Every structure is written in C-alpha cells, then in structure tokens.
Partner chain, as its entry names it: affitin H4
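The chain below stands alone, shown as structure tokens; this is the form deposited without the partner chain.
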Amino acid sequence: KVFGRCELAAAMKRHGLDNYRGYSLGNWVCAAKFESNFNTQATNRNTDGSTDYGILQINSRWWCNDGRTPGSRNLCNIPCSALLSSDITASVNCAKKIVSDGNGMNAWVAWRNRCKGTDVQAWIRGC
C-alpha cells in the first residue's frame, strides 16, 4: 500500500504517535515520507547483511528478525515481514519500541536529515 500523507497521519494518530515521546505527528509522517515514500512494502537490502523494512525502514540487525542478519537482537520481537503489512500497526508498535529503547527519532537517518528542524507540520497541513 502507498499511503497518502493525510491518511497516514490519521492512521498514525489512531495508534498514538501524535506527541509520542515528544515527537509530533508531522515528524512521523515526514519520517515515513523520506524513508519509504509512504510505501508499506519498501525494502532496502544493505551490504552489511541487514535489511530495512516497511514504511519506516526498520532495520533487521537490532529491531526485527529476518533470520538472515548477523547480530540479530530482534528487540521488537517480530518477524520483519510483519513490518511489510498494509496496516501499519506492527511498524508503529516497533517504532515506539525503538524510541523506548533509548533512541530519539535520530535513529532514523531520513528523519535526522530531512525532517529535523523543518516545517514538519506541512506533512499534516490541510488533513
């Protein structure tokens, strides 16, 4: 599924991301835009043996288990394929875990580089 920004915003809001750990909804929508272009099926297979999965490009070393990544921690306790679902619940739940495990949103390189310090509210404006 490729979400619209407003539809994603509403779905993220239903799962409690607005203001989750002090990060406004627009931050999360902006992170998704630049990580995956709102595509739930996005994958980026890295040279280090890991792969980034789904709408938030969550990595298989620390966060989800794809079975094939060295050093797997599976801190989200999920198979990475769950992060490729049409519904975003598993991605959102793991994103919240990533923050809960001592990370800011700077854990997402696209967030740091493309959303941090910007007008993130543009991404929910008009929704």
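By rigid core we mean the largest C-alpha set that fits within 1.5 Å across both forms. Numbering follows the first chain given and starts at 1.
Compare 84-92 with 42-50 and report which one shows the larger root mean square C-alpha deviation from this form in 4 other deposited structures of this protein once the rigid core is superposed. Larger mean C-alpha displacement, comparing 84-92 and 42-50 in 4 other deposited structures of this protein, is found in 42-50.
Quick one: core-superposed, which stretch strays further from the shown model in 4 other deposited structures of this protein, 51-59 or 70-78? Go by RMS C-alpha distance. Of 70-78 and 51-59, the stretch deviating more in 4 other deposited structures of this protein is 70-78.
Can you let me know which of the two, 101-109 or 7-15, has the higher average C-alpha B-factor in the entry? It is 101-109.
Per the coordinate record, which of the options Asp52, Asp87, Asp66, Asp48 holds the highest CA temperature factor? It is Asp48.
Place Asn37 in the lowest, middle or highest third of its chain's C-alpha B-factors, as listed in the PDB entry. Top third by C-alpha B-factor.
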